[PDB]
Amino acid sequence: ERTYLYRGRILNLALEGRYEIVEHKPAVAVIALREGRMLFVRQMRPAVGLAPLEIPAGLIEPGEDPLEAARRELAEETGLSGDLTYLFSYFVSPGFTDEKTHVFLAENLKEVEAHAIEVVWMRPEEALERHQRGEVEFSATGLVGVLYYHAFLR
């Protein structure tokens, strides 16, 4: 049984026996390549005090399925639309939270909207080199995008 210590905006904190559990909405993330550049985004993230390299991502809102949320986040964060294909999912940190991320590939991108979030097109090889030299941090979604590219999109 779970007893709730805090019910919030994008998380709840519960105790389940000895375990501390953070309930969190599920998320999506979108991997997109164009002319050998991957579509990264950066934003200040107060939890870490910096702007890591991420890919377009966000929470699934009421009424949405993961594909629909992926389309929405791509449009809202970058002004693009594409043909989306589901790839895989992962639990971000299942030792304490239930957040699950659904990852999609986007192809054939088109600008639909001419408009906080910085769009950072960057070759994945360069993102990995900058990270190895200490110049940028990754989110899980950014690292998954870079590794997926190296594994399957070259």
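Residue indices: 1-based, along the sequence shown.
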Problem - Other entries omitting residue 123, at least a third - result: no
Practice task
For the higher mean C-alpha B factor in the entry, choose 25-33 or 125-133.
Solution key: 125-133
Completion exercise
With B-factors read from the PDB entry, the higher C-alpha mean of 98-106 and 81-89 is in 81-89
Problem - Among 59, 112, 55, 120 - the residue whose C-alpha B-factor is largest in the record - result: 112
Exercise for the section: Tell me, lowest, middle or highest third: where does the Cα B factor of residue 47 rank within its chain? Expected result: middle
Practice task
Would you mind checking where the Cα B-factor of residue 151 ranks among the modelled residues of its chain, as the lowest, middle or highest third?
Solution key: middle
